[PDB]
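Presented below is the structure to which this report refers.
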Amino acid sequence: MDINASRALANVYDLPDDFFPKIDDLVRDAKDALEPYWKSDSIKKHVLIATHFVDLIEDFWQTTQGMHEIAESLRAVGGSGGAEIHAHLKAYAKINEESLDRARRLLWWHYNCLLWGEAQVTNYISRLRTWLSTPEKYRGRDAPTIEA
Amino acid sequence: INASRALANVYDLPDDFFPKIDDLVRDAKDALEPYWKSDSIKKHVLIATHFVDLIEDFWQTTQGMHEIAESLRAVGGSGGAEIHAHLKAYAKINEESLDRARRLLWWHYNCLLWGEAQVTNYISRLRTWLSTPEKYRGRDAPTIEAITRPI
Amino acid sequence: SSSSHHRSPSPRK
Amino acid sequence: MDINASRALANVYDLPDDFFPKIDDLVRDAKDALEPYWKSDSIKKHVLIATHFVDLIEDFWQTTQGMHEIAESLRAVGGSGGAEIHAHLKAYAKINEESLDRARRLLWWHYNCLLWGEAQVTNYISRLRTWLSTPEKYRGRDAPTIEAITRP
Amino acid sequence: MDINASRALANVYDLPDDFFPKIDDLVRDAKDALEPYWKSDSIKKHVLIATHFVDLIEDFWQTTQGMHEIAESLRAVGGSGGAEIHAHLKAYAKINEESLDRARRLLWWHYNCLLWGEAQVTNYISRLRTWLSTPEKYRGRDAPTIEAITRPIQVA
Amino acid sequence: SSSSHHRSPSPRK
């Protein structure tokens with residue numbers, strides 16, 4: 001495969017939003033794989049970045065989910081609250097969940113690059129892009145995976 | 001060792017030592033943009049950039065949560081104290097997270113500009129000066145102009 | 001650097 | 001200064017009971033500075049002594065405070081216990097408080113000597129005694145310190 | 001230190017409590033054997049630890065004992081203001097007793113290691129634990145000892 | 001030319 005075309009086809013924001021493991025499993029794997037580098041106090045790029053995003057998720061994910069739940073409960077219980085309140089709440093939750101989707105994607109990217117290598121990860125992304133462009137019939141019955 | 005030490009020192013500060021968030025983010029972006037154009041992977045670059053993004057993403061949402069919670073509680077007739085309590089808890093969590101982000105951003109920005117040593121020494125001196133009981137102190141805090149002068 | 005890799009992690013497109 | 005006069009003016013128990021940080025802060029800083037040596041299972045003087053005194057405080061401080069609380073509560077109640085009971089309890093709490101004050105002072109001493117050096121702390125205490133015997137207006141605006149430094 | 005010495009000390013922590021000399025005698029002997037190292041201002045592990053533990057005892061032993069005494073006194077006289085009084089007092093005294101028992105045992109270990117040697121003492125304790133855990137009929141009628149004490153001082 | 005420092009720590013005066 002052409003390195004150039006691969007790198008051009010590889011981007012973490014192109015993915016379907018269902019390719020990404022649940023946030024709990026992702027955070028757990030990230031922490032369990034980072035513990036050595038933490039204890040060693042390592043200054044590697046992906047270590048630093050994945051640490052930042054682990055912290056970001058742990059901080060704001062449950063708060064955003066609680067905000068969405070609160071907005072729904074407030075619009076359900078009745079109009080006693082208001083429309084501006086629910087609109088502002090939904091907008092804040094929307095912005096936060098966009099930021100959290102970005103954090104999730106980049107945490108995945110950074111963790112997988114730490115494990116395997118960003119070269120392997122971009123190759124995998126390109127090959128998965130192809131697998132997804134192809135129709136179900138003339139492609140593998142199960143998707144690829146890194147060194148798999 | 002000394003890294004976590006100076007970090008704990010940074011956390012051991014009064015919250016009135018840290019500039020306003022607008023000034024801080026402005027200065028950080030101004031100092032970092034060249035490094036972005038240069039595609040630099042420096043540690044302080046990595047961390048300050050990511051904290052700037054964090055702040056610009058969540059600060060306004062958190063302040064709005066605070067204000068709307070207080071307003072609807074003053075109203076009193078919207079849902080119940082459950083909503084206000086849930087909102088206060090979330091806002092507290094996000095506030096402490098953003099405070100940590102603000103502090104680490106200050107630390108890394110200043111380390112990048114001037115020097116990690118010049119910032120660590122000043123922070124140690126200031127933390128010591130603040131610890132003491134005001135009778136063995138000096139009567140004049142250490143001022144930030146010490147970072148700017150080399151040694 | 002052939003890759004964008006700006007502001008540290010991969011930049012959007 | 002004259003090194004002899006410095007070492008002679010340097011004694012931890014000369015300080016007026018308020019130069020010393022609070023007990024929680026002191027134990028916390030001591031543990032934070034010790035845990036490396038604890039893990040490395042070190043033998044050195046200051047580590048050993050600071051550890052012993054941390055343990056002593058952890059063990060007896062809260063008990064002594066509770067003893068004082070008990071003495072005051074029984075004093076308020078009046079009929080409970082009695083007079084000589086209150087007297088003996090207060091005397092015991094007082095002896096324990098003397099021991100714990102000595103422990104706090106020695107803990108400060110050894111923690112700081114471990115961080116910087118007992119010579120540095122000696123000079124610090126000496127210069128502080130001098131700077132503190134002088135009146136306020138001829139002191140200046142720069143008290144004495146140790147001022148750790150870092151090199152890139 | 002050696003895992004042998006660690007085993008010996010962990011065993012000291014769990015001995016029958018009748019193996020240990022009276023605290024008065026222990027403190028006395030510790031002071032008398034340490035004052036030379038005090039004058040010489042030595043910084044040896046056992047010296048430091050024994051000194052600190054004997055000071056600890058000197059300070060808090062009689063205090064804890066009087067605490068017990070007065071707790072029993074208030075329980076006997078009655079008229080307590082709530083039972084929490086005696087509860088908290090005896091809990092404090094119990095924590096003090098645990099701390100002081102550990103102190104006595106480490107003082108014993110360190111003073112005896114100073115006298116004889118860490119090796120001699122850990123061997124002694126290994127033998128004594130093997131002897132105590134074992135039941136009679138396979139044991140020996142007389143316990144083991146540090147043979148350097150009860151061996152004759154021969155002089156021509 | 002050494003301080004008291006007896007028993008390992010510093011004594012009173």
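Chain identifiers are assigned as A, B, and so on, following the order in which chains appear in the structure tokens; residues are numbered from 1 within each chain, and ligands are numbered from 1 in order of appearance.
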
Could you give me chain C least-squares fitted onto chain F (all C-alpha atoms, paired in order), as a CSV table (one decimal) with N, CA, C and O atoms, in the first residue's frame?
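See part.csv below for the written result:
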chain,number,residue,atom,x,y,z
C,1,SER,N,33.2,17.6,68.5
C,1,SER,CA,32.0,18.1,67.9
C,1,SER,C,31.5,19.3,68.7
C,1,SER,O,31.1,19.2,69.9
C,2,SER,N,31.6,20.5,68.1
C,2,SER,CA,31.1,21.7,68.8
C,2,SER,C,29.7,21.6,69.3
C,2,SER,O,29.4,22.1,70.4
C,3,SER,N,28.8,21.0,68.5
C,3,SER,CA,27.4,20.8,68.9
C,3,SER,C,27.3,19.7,69.9
C,3,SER,O,28.1,18.7,70.0
C,4,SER,N,26.3,19.8,70.8
C,4,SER,CA,26.0,18.7,71.7
C,4,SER,C,25.6,17.5,71.0
C,4,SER,O,26.2,16.4,71.1
C,5,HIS,N,24.5,17.6,70.1
C,5,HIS,CA,24.0,16.5,69.3
C,5,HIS,C,24.1,15.1,69.9
C,5,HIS,O,24.4,14.1,69.2
C,6,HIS,N,23.8,15.0,71.2
C,6,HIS,CA,23.9,13.8,72.1
C,6,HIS,C,22.6,13.0,71.9
C,6,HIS,O,21.6,13.5,71.5
C,7,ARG,N,22.7,11.7,72.2
C,7,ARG,CA,21.6,10.7,72.1
C,7,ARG,C,20.9,10.8,70.7
C,7,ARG,O,19.7,10.6,70.6
C,8,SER,N,21.7,11.3,69.7
C,8,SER,CA,21.2,11.5,68.3
C,8,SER,C,20.6,12.9,68.0
C,8,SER,O,21.4,13.8,67.7
C,9,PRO,N,19.3,13.1,68.2
C,9,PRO,CA,18.8,14.5,68.0
C,9,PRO,C,19.2,15.5,69.0
C,9,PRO,O,19.7,15.1,70.1
C,10,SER,N,19.1,16.8,68.7
C,10,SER,CA,19.5,18.0,69.5
C,10,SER,C,19.0,17.8,71.0
C,10,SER,O,17.8,17.5,71.2
C,11,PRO,N,19.9,18.0,72.0
C,11,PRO,CA,19.5,17.9,73.4
C,11,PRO,C,19.0,19.2,74.0
C,11,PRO,O,19.5,20.3,73.6
C,12,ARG,N,18.1,19.1,74.9
C,12,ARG,CA,17.5,20.2,75.5
C,12,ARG,C,18.5,21.1,76.3
C,12,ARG,O,19.6,20.6,76.6
C,13,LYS,N,18.2,22.3,76.7
C,13,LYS,CA,19.0,23.1,77.5
C,13,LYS,C,18.1,23.9,78.5
C,13,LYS,O,17.8,23.6,79.6

Exercise answer, chain E residues close to chain F, 7 Å and only C-alpha atoms, as a ChimeraX atom specification: /E:38-39,41-43,48,51

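Of the residues listed (D:24, D:2, D:35, D:14), D:14 shows the shortest atom-to-atom separation from chain F; distances use only C-alpha atoms.
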
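CA of residue 119 (chain B) lies 9.1 Å from CA of residue 6 (chain B).
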
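The gap separating CA of residue 101 (chain A) from CA of residue 3 (chain A) is 27.6 Å, in Å to one decimal.
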